């Protein structure tokens, strides 16, 4: 498989990177998420549960709170802020609040799946990816970072 042929560069703590270039539609099917401010979480809800409801994202946000409780203090991305664990949760858990790499990292440890964020072009072309956890991409949760501000969901075809 092509996606599994991609080599990943570990750079810190089971966080891997990779810089290919290909068209997402060739390998992935895209399931679009609304422009909520919750699209990051919706994206997880689409891939993690059987049936995705509009209120499911709160179950993954529930998991985040549980995950931050025990992982925040050892997260590399968090360290490079100077924001306390408590300072972080009273903002992340508020409605319509953006998320991304920090929460991807934490959650991958918590739900024990590996999560990937595929940075994409206005030409719907991937140019970079970050993997969180040691998994291969097929058995991983694949997310697409659309603008520099949006997340949609991806299923391997």
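Numbering follows the first chain given and starts at 1.
Chemist: Check the entry's C-alpha temperature factors for 106-114 and 119-127, then say which stretch has the higher mean.
Modeler: Comparing 106-114 with 119-127, the higher mean C-alpha B-factor belongs to 119-127.
Chemist: Tell me which of 63-71 and 89-97 has the higher mean C-alpha B-factor in the deposited entry.
Modeler: Stretch with the greater average CA B-factor: 89-97.
Chemist: What third of the chain, by the recorded C-alpha B-factor, contains residue 146?
Modeler: Middle third - that is where residue 146 ends up once the chain's C-alpha B-factors are sorted.
Chemist: When the modelled residues of the chain are sorted by Cα temperature factor, does residue 11 land in the lowest, middle or highest third?
Modeler: Bottom third by C-alpha B-factor.
Chemist: Compare the C-alpha B factor of residue 140 with those of the other modelled residues in its chain, then answer lowest, middle or highest third.
Modeler: Middle third, going by the recorded CA B-factors of the chain.
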